[PDB]
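Scroll down for the structure; my scribbles are underneath it.
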Amino acid sequence: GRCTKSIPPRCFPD
């Protein structure tokens with residue numbers, strides 16, 4: 001449950 005704000009938005013399963 002975490003996403004990069006810097007694009008591309010890569011979201012992690014946490």
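By convention here, the chains of the structure tokens are called A, B, ... in the order presented, each chain's residues are numbered starting at 1, and ligands are numbered starting at 1 in the order presented.
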
**Residue contacts of residue 13 of chain A (12 Å, only C-alpha atoms) excluding same-chain residues fewer than 6 positions away, as a PyMOL selection string** = chain A and resi 1-3

**Request:** List every residue of chain A that DSSP, applied to the backbone of this structure, places in strand (DSSP E), and write the result as a list in words.
**Result:** residues 2, 3, 11 and 12 of chain A
